[PDB]
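**Q** Sending over a structure as structure tokens; questions will come in a sec.
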Amino acid sequence: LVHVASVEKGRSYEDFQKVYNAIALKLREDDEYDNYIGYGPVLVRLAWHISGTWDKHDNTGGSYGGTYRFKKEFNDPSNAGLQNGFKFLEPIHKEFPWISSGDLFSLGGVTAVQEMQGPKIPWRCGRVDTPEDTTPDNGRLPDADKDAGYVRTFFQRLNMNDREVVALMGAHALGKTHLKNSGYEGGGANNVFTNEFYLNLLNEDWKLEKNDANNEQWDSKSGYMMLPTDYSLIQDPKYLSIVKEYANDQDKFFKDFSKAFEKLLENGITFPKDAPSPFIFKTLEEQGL
Ligand code: HEM
Ligand SMILES: Nc1ncnc2ccccc12
């Protein structure tokens, strides 16, 4: 099953930079959301969930088909809360109705990471909306109650190795868990992209507690939290070495996250040899906007 990227007709870098800028302006404008976290973190999570349905074995799921717009995937229990990111992107899609759904959801993640001071993430256009019958069934996104072996095996389906898994999980510096969405609570209110997930794993005094939904999670007196799957990155000796590497090298973490995140957003897509090169969008700050 082959999904060939097809550039939206006549569009080029400038058109996508306009979409980027509308997303970024709205991120700056709509600042009250989720106790003043703003929409950055939920847009990063949306981009990952629309991508993380991919199965390398048969090329089902993945970001190409924009299938999150269909009720089966919109209503996936694993996606609870992402409706806020979808609603955020609705006026962007209205303004730019030519962009495909998969392009818009993945570009919403790139724009959020960059606007939150994260690394540049090269991004390629050309995902093409596919019909409702192509929507992947629920249950392809990962559980949070599990251990390192589960996380390792899970991510083999997405063709991610240990370093890619540890780098991608660094996005859990951002935003927070919400008891009503996932049965976990807490994390604070961070909306700046840094390597602090790894510093918090290594440096905080973690206690295994039960939350009000009767699920275990690791909490610190300082008010931080880690899901069991987060904490597993310091329980497994291979993951731990990489957590220490990223805790000690911001640039390395930025570069590795950028590559893994682009890869995640592009899994399943065949780019023609004459496709445009990946675009690197300028931030609003770089543009003086
Ligand atoms: C083992 C893999 C993962 C598990 C089990 C997991 C689990 C979760 C859970 C339970 C939440 C809270 C949802 C809520 O209550 O609103 C969450 C939030 C989030 N996740 Fe993950 N996640 C994983 C991997 C990732 C990856 C790979 C990324 C992106 C690279 C990511 C980005 C985020 C972001 C940015 C949030 C915050 C959303 C917000 O503040 O609304 N996650 N994740
Ligand atoms: N802020 C977070 N800290 C640690 N783990 C997480 C997991 C999901 C969302 C946010 C966080």
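Cβ sites come from the backbone with ideal geometry, for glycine too, and all protein chains shown count toward neighbours. All of this is worked out from the model, or read from it or from the source named; no laboratory read-out is quoted.
**Q** When you go through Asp274, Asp236, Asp205 one by one, which is the residue that is in contact with a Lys or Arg (Cβ under 7 Å, 6 or more places away or on another chain) and either surrounded by fewer than 20 Cβ atoms within 10 Å (Cβ to Cβ) or within 29 Å of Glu29 (Cβ to Cβ) (or both)?
**A** Of the residues listed, the single one that is in contact with a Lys or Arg (Cβ under 7 Å, 6 or more places away or on another chain) and either surrounded by fewer than 20 Cβ atoms within 10 Å (Cβ to Cβ) or within 29 Å of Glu29 (Cβ to Cβ) (or both) is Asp205.
**Q** What number of residues in the stretch 185-194 are touching a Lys or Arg at 6+ places or on another chain (Cβ under 9 Å), in contact (Cβ under 8 Å) with a residue 40 or more places away in the chain and buried (at least 16 other Cβ atoms within 10 Å of the Cβ)? If you could, list the steps in order and put the result at the bottom.
**A** Step one: filter the stretch 185-194 for residues touching a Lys or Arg at 6+ places or on another chain (Cβ under 9 Å), giving 185-190.
Imposing the further condition that a residue be in contact (Cβ under 8 Å) with a residue 40 or more places away in the chain reduces the set to 185, 189-190.
Then keep just the ones that are buried (at least 16 other Cβ atoms within 10 Å of the Cβ); that gives 185, 190.
Of the residues in that region, 2 qualify.
**Q** Quick one: would you say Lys273 is on the phi < 0 side of the Ramachandran plot, of a type outside the set (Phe, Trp, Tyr) and over 21 Å from the mean Cα position of the chain (by Cα)?
**A** Working: on the phi < 0 side of the Ramachandran plot: yes; of a type outside the set (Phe, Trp, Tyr): yes; over 21 Å from the mean Cα position of the chain (by Cα): yes.
Here the answer is yes, as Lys273 does meet what is asked.
**Q** When residues of the stretch 180-198 are filtered for being aliphatic (A, V, I, L, M) and over 16 Å from the mean Cα position of the chain (by Cα), how many remain? Full working, then the answer.
**A** First, the residues of the stretch 180-198 that are aliphatic (A, V, I, L, M): 189, 192.
Cutting the leftovers down to over 16 Å from the mean Cα position of the chain (by Cα) gives us 189.
The total comes to 1.
**Q** I've got another one for you. Taking the conditions exactly as written (assigned to a helix (DSSP H, G or I) and either in contact with a strand residue (DSSP E or B) (Cβ under 6 Å, 6 or more places away or on another chain) or among the β-branched types (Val, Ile, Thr) (or both)), does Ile99 satisfy them or not? It would help to see each step written out before you state the result.
**A** Numbers: assigned to a helix (DSSP H, G or I): no; either in contact with a strand residue (DSSP E or B) (Cβ under 6 Å, 6 or more places away or on another chain) or among the β-branched types (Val, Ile, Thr) (or both): yes.
For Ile99, the condition - assigned to a helix (DSSP H, G or I) and either in contact with a strand residue (DSSP E or B) (Cβ under 6 Å, 6 or more places away or on another chain) or among the β-branched types (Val, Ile, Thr) (or both) - is not met.
**Q** Could you tell me which residue of the stretch 14-51 is nearest to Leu107 (Cα to Cα), considering only residues that are aromatic (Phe, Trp, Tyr), away from ligand 1 (no atom under 11 Å from the Cβ) and surrounded by 22 or more Cβ atoms within 10 Å (Cβ to Cβ)? Walk me through it before giving the result.
**A** We begin by selecting, within the stretch 14-51, every residue aromatic (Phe, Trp, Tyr); these are 16, 20, 33, 36, 39, 48.
When the remaining residues are screened for being away from ligand 1 (no atom under 11 Å from the Cβ), the result is 16, 20, 36.
Filter once more, so that each one left must be surrounded by 22 or more Cβ atoms within 10 Å (Cβ to Cβ): 16, 20.
Working: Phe16: 9, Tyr20: 7 Å.
It comes out as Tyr20.
**Q** Here is a further query. Quick one: what pairs do we get from the stretch 95-110, first residue not assigned by CATH to the domain that holds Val192, second among the β-branched types (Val, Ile, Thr) and not in a helix (DSSP H, G or I), C-beta under 7 Å, 6+ apart or different chains?
**A** Within 7 Å, the pairs are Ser100/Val128; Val110/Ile121.
**Q** Please go through the stretch 225-243 and pick out each residue that is within 14 Å of ligand 1 (Cβ to nearest atom) and among the hydroxyl-bearing types (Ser, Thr, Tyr).
**A** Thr229, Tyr231, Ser232, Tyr239
**Q** A further question on this structure: If I filter the stretch 43-54 for residues that are within 18 Å of the chain's Cα centre (by Cα) and farther than 20 Å from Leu168 by Cα, do I get at least one hit? Give the steps one after another, and end with the answer.
**A** Going residue by residue through the stretch 43-54, those that are within 18 Å of the chain's Cα centre (by Cα) are 43-54.
Still in the running and farther than 20 Å from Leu168 by Cα: none.
Taking every residue of the stretch 43-54 in turn, none turns out to be within 18 Å of the chain's Cα centre (by Cα) and farther than 20 Å from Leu168 by Cα.
Conditions (1) touching a strand residue (DSSP E or B) at 6+ places or on another chain (Cβ under 6 Å); (2) near ligand 1 (Cβ under 7 Å from one of its atoms); (3) hydroxyl-bearing (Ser, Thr, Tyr); (4) within 23 Å of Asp76 (Cβ to Cβ), marked per residue:
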position: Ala144; (1), (2), (3), (4): no, yes, no, yes
position: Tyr150; (1), (2), (3), (4): no, no, yes, yes
position: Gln156; (1), (2), (3), (4): no, no, no, yes
position: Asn159; (1), (2), (3), (4): no, no, no, yes
position: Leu168; (1), (2), (3), (4): no, yes, no, yes
position: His172; (1), (2), (3), (4): no, yes, no, yes
position: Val192; (1), (2), (3), (4): no, no, no, no
position: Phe197; (1), (2), (3), (4): no, no, no, no
position: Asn200; (1), (2), (3), (4): no, no, no, no
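**Q** Now a separate question. Select from the stretch 181-207 the residues that are under 25 Å from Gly81 (Cα atoms), assigned to a strand (DSSP E or B) and away from ligand 2 (no atom under 12 Å from the Cβ) and list them in ascending order.
**A** Scanning the stretch 181-207 gives no hits.
**Q** Ok, one more. List, please: which pairs have Cβ atoms under 7 Å, are six or more places apart or on different chains, and start with a residue in the stretch 250-268 that is without any contact (Cβ under 8 Å) to a residue 24 or more places away in the chain and end with one that is acidic (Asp, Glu)?
**A** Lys252/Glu245
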